[PDB]
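This is what each chain is made of:
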Amino acid sequence: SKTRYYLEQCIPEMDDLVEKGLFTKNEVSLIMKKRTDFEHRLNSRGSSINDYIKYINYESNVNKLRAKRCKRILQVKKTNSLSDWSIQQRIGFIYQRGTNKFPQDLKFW
Amino acid sequence: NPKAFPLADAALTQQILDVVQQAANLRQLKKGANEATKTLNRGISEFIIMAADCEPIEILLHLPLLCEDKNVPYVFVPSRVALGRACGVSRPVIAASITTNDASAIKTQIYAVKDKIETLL
Amino acid sequence: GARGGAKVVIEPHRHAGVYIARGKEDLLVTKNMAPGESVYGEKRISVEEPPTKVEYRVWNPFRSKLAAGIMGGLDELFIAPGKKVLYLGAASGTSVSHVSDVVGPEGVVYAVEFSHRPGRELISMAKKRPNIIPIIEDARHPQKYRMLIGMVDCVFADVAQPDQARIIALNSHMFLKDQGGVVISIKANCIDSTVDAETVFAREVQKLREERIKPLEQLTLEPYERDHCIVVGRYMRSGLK
Amino acid sequence: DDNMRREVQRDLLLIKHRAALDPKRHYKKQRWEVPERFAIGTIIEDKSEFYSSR
Amino acid sequence: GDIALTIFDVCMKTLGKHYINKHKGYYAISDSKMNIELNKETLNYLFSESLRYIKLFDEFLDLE
Amino acid sequence: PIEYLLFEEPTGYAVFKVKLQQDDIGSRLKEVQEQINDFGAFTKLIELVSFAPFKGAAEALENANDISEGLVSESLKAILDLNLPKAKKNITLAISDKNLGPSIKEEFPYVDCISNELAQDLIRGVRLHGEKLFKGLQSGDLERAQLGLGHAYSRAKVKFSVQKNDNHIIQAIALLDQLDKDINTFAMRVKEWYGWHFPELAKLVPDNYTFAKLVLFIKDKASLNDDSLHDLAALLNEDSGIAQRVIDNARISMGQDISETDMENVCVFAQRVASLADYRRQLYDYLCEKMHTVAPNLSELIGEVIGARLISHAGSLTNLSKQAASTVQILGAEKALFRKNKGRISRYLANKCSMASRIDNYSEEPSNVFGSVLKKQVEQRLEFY
Amino acid sequence: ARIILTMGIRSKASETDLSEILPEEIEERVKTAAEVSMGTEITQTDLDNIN
RNA sequence: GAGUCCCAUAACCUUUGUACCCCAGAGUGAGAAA
């Protein structure tokens, strides 16, 4: 299935969060559970563009939470590791999938 | 571009009129536009001959519409005076038809003309 | 036989979109798409249904070759309600209009004609029948009217030309759906008058095989016509074996 | 309709046995069980056929 | 400012052309009177278009 | 070596990009042909990159002509210029038509066209799936536009004209009789309704149209003045004496007076009958005008109204001309349109009608010159018998 | 009938407003059908009488 | 309790009035006048 391939792409990110201590393992699991439902929704039949917008919004919110726990816990503006740029790259990847699937919707473009 | 089309040249016209004269002797000729329409409707017409000088020409331009629908060869000859003479009647004839008959004595001559008309069209 | 006031018991035919009117004599009929008029002066039958007045058109076998095919008993006609059909060599609405009746409002008929004079009556008929798209073009160059035609479930060829095997093939490749229908009416005199009618029919059948059209059936149209046979075939691109 | 009006019932009965109506006709051989869907219609003649078939 | 006016010129020609194609369908209009109406509507449509650029020119103070 | 594909829809031009190239040595195998049918298999071959819909109906016909002639329309030049990359090596374009190839090469030297059976197969798949390949992009509806374009393309070549149309003649006549039936019927009801209030006037003015007008003036019979007498005297003429009669009978009658509401309907209903008659007169002029412009020969020979009827019986001016002379005689033999010596003129006139009809039908701009000499010829026969 | 009065010709369908006669979804339908129509042009003489 | 749903808002027949007809019909297809 396509879904599992996309989920495993997240693992190196979730590993970095625990190692940096920003998120606990239980918290990290909850993020993956929400992604698992999203990443599945996109690849299954009946998907609409709104599913892409929801997932993009969710990933954007996770980026904010990481950015604040960085200064709160690590006390560093940018942690030099994979976690810094994974989300921003992922959100871009979601857009490229969305526009290919639904080139009609001008709002998404 | 002209309404009367195709118009047979001199050499072909001589051969067409010859067949008409032979057909008239054998009772295989229907003379006049009204008869010609009746033959096409009954689909017994080997081919139709028309006078390109018919005055006015439109009076017989209904036959091609019948001819093309039913897939019957047709041709225009320059003279109505000559066509009437070959037909054997004592008046001008603007349209004539060769009735279908596979038992005819002039079958080979008819088909010889029929191919040439088909090439012209 | 079928006089003006005479009345008939109309019951359906084995082929969908074809009906039989019984009586002292039997008539093949198809339901009128545009009630209240006749395109070539055929007889018409009116039935009162709950009450709306529907109208049936009498199909004369002697004028339309396809009709003569029904009466002789063609096993399979790919023309049926709700199917796109391409009619090549539509001289006028004598036979296309009947085909349009069979397909019904849902289906469409692509009538193709070359000569302008019979076409003018084709166009005037087409206005009364929305489901007919008349294409005044030469069937020998299908590329010219490719914009106008989509996939067509069946291709019906009444064209009287010596080289039929090419026109039917070229339009078959471009527009016929795989496993689609092909119905060709063959006139022995037109293709080659020098040889007997049987040889011509055998020759045309072989051409269709070379063009990947597996031929299913041949029927001779007598007594309705002399030296005519309708060959029904399927377009099998996968394999004709 | 299940009423099966006697006029329509007799109507179909003359088409089942149409071989005996006129001694010169002699149609083909067929059974023609009554169909489950049928209608009765009146022919309409062309105005050009006023004298021939009216 | 000559370059801008050139675009206005070519603009005003083609907009009229397409407006003729619309309001006409596939087919030319046989009636002479109706054709006059189409020419009017093009003109009126073109004037209402032309008037806008007069309004636009006001915005730019530096140019003549 | 195919990389870009050009497909033309009635709505517009569609350009695809070929992701994978199907096996060519095996093109005739069953597997590589089935995949064209299967959408899942086909979508892996090509992907849409561009689509430029036509501005309107007019442009669709113009390009539909150009594509037929193998030319490059300005819209087609635009879409290719935006899509095909500039290029020793030439970008390959797949096109259905070979005649279009050289024109594209002229405009674009850097593109090489292909139209072998490989190109035809990919074009076949595009046509098969149609709108499904556009990924929801708005392509209108391909079935409707084909119907509009198809009629547009055909009638452009054959050069149809509104001048030839005769359906107006068939339809105006169907109004002229229907109006006369209704104008008679409704006027008969005006007679009864106003008859109750005053039955005598129905006897005084038998002409129904005048009665509607006269009723419009003398609403209530009690209104009787010398000035009113002059007014109603102006209506029609006093020669009949109805003007003096109406006043005397108005003074003295057994008509029971009806309410103002009932009076209101009689005049309004009478006003309705007036409009139908006035419209019918206006139409009768229109039919006469159109018959001259459509069938001047036939109209001149027998008449505008009768010739219009004959066109209706035959069903169309084309059908009438196509008929034989004997058939035309019986076409109007139920209403005696053309009508022992009497019989001969009918049949003689019957032929001459067919003669005029043919001239009218197949003539782009029929004149009345031949109709006249034909009628004079029939006349000369008339005195002879 | 009221449609014929407001707009006489398919050409007029583009600028004519049918809101009072037809709802929104119907009126756009005739506007689109107007441009792709199969029927032929008519003279003002025909139009006046049809009005 | 009980067929509106085969138009009693109608069909068919008779009488009267109006306008016509007393030929053949997929009409025939070369005489007519002297």
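Residues numbered from 1 in each chain as written, not as in the entry; some residues may be left out. Chains lettered and ligands numbered in written order. Part of a larger assembly, values for the part shown. Heavy atoms only, no water.

The deposited coordinates derive from cryo-EM, with the record listing a resolution of 3.71 Å.

Asks: Account for the pairing of strand 4 (residues 91-94) of chain F, with residues named and values stated.
Replies: Residues and elements named next belong to chain F. The two faces of strand 4 match: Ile 91 and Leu 93 on one face and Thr 92 and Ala 94 on the other face are all buried. Direction of pairing for strand 1 (residues 4-8) relative to strand 4: parallel, over a ladder of 2 bridges. Bridge pairing links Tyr 4 to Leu 93 in strand 4. One ladder, built from 4 bridges, connects strand 4 with strand 5 (residues 111-114); its direction is parallel. Across the sheet, the residue bridging to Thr 92 is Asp 112, located in strand 5. Note on the crossover from strand 4 through helix 5 (residues 100-107) to strand 5: the handedness is right-handed. (Buried < 20%, exposed > 50% of the residue type's maximum accessible area, 1.4 Å probe, protein only. Helix = DSSP H or I, 4+ residues; strand = E, 2+ residues; numbered from the N terminus. Pairing = 2+ DSSP bridges. Right-handed = clockwise from strand over helix to strand, strands pointing away.)

Asks: Help me get a handle on the pattern of salt bridges, residues and values and all.
Replies: Once their charged atoms are close, side chains differing in charge can pair, the charge on each being opposite to the other. Residue and element names in this part refer to chain C. According to the stated counting rule, one finds 43 salt bridges over all chains in the structure shown. Between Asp 101 and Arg 129 there is a salt bridge, with the nearest N and O atoms lying 2.6 Å from each other. Here the residue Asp 101 occupies a position in helix 2 (residues 96-103), and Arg 129 occupies one in the loop between helix 3 (116-128) and strand 8 (132-136), the gap between them amounting to 28 residues. The pair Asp 101 / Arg 129 is uniform in exposure class, with both members buried. (Salt bridge = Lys/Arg side-chain N within 4 Å of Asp/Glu carboxyl O.)

Asks: Kindly report on the packing of helix 8 (residues 167-197) of chain F against helix 13 (residues 260-294) of chain F, identifying the contributing residues and their values.
Replies: Residue and element names in this part refer to chain F. Helix 13 packs onto helix 8 with a crossing angle of 160° between their chain directions and a minimal axis gap of 9 Å. With respect to their mutual orientation, helix 8 and helix 13 come out roughly antiparallel. Here helix 8 and helix 13 pass one another in a crossing that is left-handed. (Axes fitted to C-alpha atoms, helices over the stretch in contact; angles between N-to-C directions. Parallel < 35°, antiparallel > 145°, perpendicular 65-115°, else oblique. Left-handed = near helix turned anticlockwise from the far one by under 90°.)

Asks: An account of the arrangement of the chains is needed here, citing residue identities and associated values.
Replies: The interface with the highest contact count, out of 10 pairs of chains in contact, is the one between chains C and F. When C-alpha atoms are compared, chain D and chain E, though not in contact, are closest at a spacing of 35 Å. At the level of C-alpha atoms, the two units chain B and chain G stay apart, their nearest approach being 23 Å. (Contact = heavy atoms within 4.5 Å.)

Asks: Let's hear about the protein's contact with RNA strand H: which residues, and what values?
Replies: In the neighbourhood of RNA strand H, 14 residues make up the surrounding shell, with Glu35(B), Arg5(D), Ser326(F), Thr327(F) and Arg339(F) lying closest. Put simply, 39% of the atoms of RNA strand H that lie within 4 Å of the protein are in sugar or phosphate. Within the side chain of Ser326(F), an N or O atom sits 2.9 Å from a phosphate oxygen of RNA strand H. Note that a sugar or linking oxygen of RNA strand H is positioned 2.4 Å from one of the side-chain N or O atoms of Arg339(F). Contributions of two or more residues to the surface near RNA strand H are made by helix 2 (33-42) of chain B together with helix 17 (325-331) of chain F. Counting residues per element, the surface near RNA strand H draws most heavily on helix 2 of chain B, which supplies 4 residues. Looking at the surface near RNA strand H residue by residue, the class counts come to 2 nonpolar, 4 polar and 8 charged. (Near = heavy atom within 4 Å. Polar contact = N/O pair within 3.5 Å; in protein donor to acceptor, adjacent residues only side chain to side chain. Nonpolar A, V, L, I, M, F, W, Y, C, P; charged D, E, K, R; others polar.)

Asks: So what's going on with the sheet that holds strand 1 (residues 7-12) of chain C? Residues and values would help.
Replies: One closed barrel accounts for 6 strands, arranged 1(C)-2(C)-3(C)-5(C)-4(C)-1(D); its pairing is antiparallel. Averaged over neighbouring strand pairs, the angle between their axes works out to 40° when direction is ignored. Where strand 2 (residues 19-21) of chain C and strand 3 (residues 27-31) of chain C come together, 3 bridges link them in antiparallel fashion. The residue bridging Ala21(C) from the neighbouring strand is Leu27(C), located in strand 3 of chain C.

Asks: Pulling in residues and values, what's your account of the nonpolar core?
Replies: With 62 residues, the main nonpolar core has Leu86(C), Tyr145(C), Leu80(F), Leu93(F) and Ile104(F) as its most contacted residues. In this view, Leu80(F) contacts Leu6(F), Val15(F), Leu93(F), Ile104(F), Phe108(F) and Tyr110(F); residues no more than four positions away in its chain are not counted. Membership of the second largest hydrophobic core comes to 57 residues, among which are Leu176(F), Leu232(F), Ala243(F) and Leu276(F). (Core = buried A, V, L, I, M, F, W, Y, C linked by side-chain atoms within 4.5 Å.)

Asks: Explain the interface of chain F and chain C to me, and be specific about the residues and the numbers.
Replies: Chain F puts 32 residues into the contact, and the matching count from chain C is 34 residues. Of the roughly 3,200 Å² buried between chain F and chain C on both sides combined, carbon and sulfur atoms contribute 55%. Considering only the surface of chain F that becomes buried against chain C, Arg124(F), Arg127(F) and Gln146(F) emerge as the three largest contributors, covering 22% of it. Between chain F and chain C we count 4 salt bridges in total. Applying the counting rule to chain F against chain C returns 15 residue pairs in polar contact. Broken down by class, the residue content of the side of chain F that touches chain C amounts to 11 nonpolar, 9 polar and 12 charged. (Buried area = accessible area lost by both parts, 1.4 Å probe.)

Asks: Please provide a residue-by-residue account of empty space enclosed by the protein, values included.
Replies: Residues and elements named next belong to chain F. Roughly 80 Å³ of volume is contained in the largest cavity. Every residue lining the largest cavity is listed: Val 205, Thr 210, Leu 214, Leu 232, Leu 235, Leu 236, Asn 237, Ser 240, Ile 242, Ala 243 and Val 246. The dominant element in the lining of the largest cavity, judged by the number of residues it contributes, is helix 12 (residues 242-251), at 3 residues. (1 Å grid on protein atoms, 1.4 Å probe; cavity = no way out; pocket = protein on both sides within 12 Å on 5 of 7 lines; lining within 4 Å. Points joined across faces, edges and corners; volume = space filled by probe spheres on them.)

Asks: Kindly report on the sheet that holds strand 1 (residues 29-31) of chain B, identifying the contributing residues and their values.
Replies: Residues and elements named next belong to chain B. Here 4 strands make up an open sheet; going across it, the order is 1-4-2-3 and the pairing mixed. One side of each edge strand has no neighbouring strand; the edge strands of this open sheet are strand 1 and strand 3 (74-77). Averaged over all neighbouring strand pairs, the angle between strand axes comes to 20°, with direction disregarded. Pairing between strand 2 (residues 45-51) and strand 3: 4 bridges, direction parallel. Across the sheet, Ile 49 pairs through a bridge with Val 75, a residue of strand 3. Packed onto the sheet, helix 5 (residues 107-120) meets strand 2, strand 3 and strand 4 (95-99) and runs at close to 65° relative to strand 2.

Asks: Explain the state of the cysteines to me, and be specific about the residues and the numbers.
Replies: Applying the stated criterion to the full structure yields 0 disulfides over all chains. Among the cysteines around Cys67(B), which has no disulfide bond, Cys54(B) carries the closest sulfur, lying 15 Å off. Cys67(B) gets classed as buried once you look at its relative accessible area, which sits at 1%. Note on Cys154(C): no disulfide assigned, nearest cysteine sulfur contributed by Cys229(C) at a separation of 16 Å. (Disulfide = S-S within 2.5 Å.)

Asks: Got a sec to walk through a positive patch on the surface? Specific residues and values, please.
Replies: Taken together, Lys2(A), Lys101(A), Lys19(F) and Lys44(F) make up a surface patch of like positive charges. In this structure, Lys19(F) sits in the loop between strand 2 (12-18) and helix 1 (30-37). (Patch = residues over 30% accessible without salt bridge, like charges linked within 9 Å, V, L, I, M, F, W, Y side chains within 5 Å. Areas by Shrake-Rupley, 256 points an atom, 1.4 Å probe, with all protein chains shown as cover. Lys, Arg positive; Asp, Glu negative; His and termini not counted. Charge placed at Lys NZ, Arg CZ, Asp CG, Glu CD.)

Asks: Give a description of the side chain of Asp360(F) that names residues and reports values.
Replies: All names here are of chain F. You can see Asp 360 is positioned in helix 18 (residues 341-361). The side chain of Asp 360 is buried and forms no salt bridge, while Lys 164, the nearest opposite charge, is found at 9.2 Å. Within polar-contact distance, the side chain of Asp 360 engages the backbone nitrogen of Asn 297 at 3.1 Å. Beyond its immediate chain neighbours, meaning those up to four positions away, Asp 360 contacts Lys 164, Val 294, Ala 295, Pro 296, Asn 297, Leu 298, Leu 317 and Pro 366.

Asks: Account for a negative patch on the surface, naming residues and giving values.
Replies: Among the surface-exposed residues, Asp196(C), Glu198(C), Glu222(C) and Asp227(C) lie close enough to one another that they form a single negatively charged patch. Position of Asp227(C) relative to the elements: it lies in the loop between strand 11 (213-220) and strand 12 (228-235).

Asks: Before we move on, can you summarise a nonpolar patch on the surface with the specific residues and values?
Replies: All names here are of chain E. Together, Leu 5, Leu 51, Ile 54, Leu 56, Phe 57, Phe 60 and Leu 63 make up a nonpolar patch on the protein surface, roughly 700 Å² of accessible area in all. Looking at which element gives the most residues to the nonpolar patch, the answer is helix 2 (residues 32-59), with 4 residues. Its location among the elements puts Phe 60 in the segment after helix 2. Judged by relative accessible area, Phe 60 falls into the partly exposed class, the value being 46%.

Asks: Which residues make up unusual backbone geometry, and what are the values?
Replies: Negative phi characterises most residues that are not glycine, and trans characterises most peptide bonds. Cis peptide bonds are those with omega within 30 degrees of zero, and the linkage from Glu55(B) to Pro56(B) qualifies with -5°. The amide bond that connects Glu222(C) to the next residue, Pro223(C), takes the cis arrangement and shows omega of 5°. Structurally, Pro223(C) is set in the loop between strand 11 and strand 12. Even without being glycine, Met4(D) reaches a positive phi, approximately 55°. Locating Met4(D) in the fold gives a position in the segment before helix 1 (6-16). Phi at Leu236(F) is positive, roughly 55°, even though this residue is not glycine. When you line up the elements, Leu236(F) lands in the loop between helix 11 (226-234) and helix 12. Judged by relative accessible area, which is 54%, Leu236(F) ranks as exposed.

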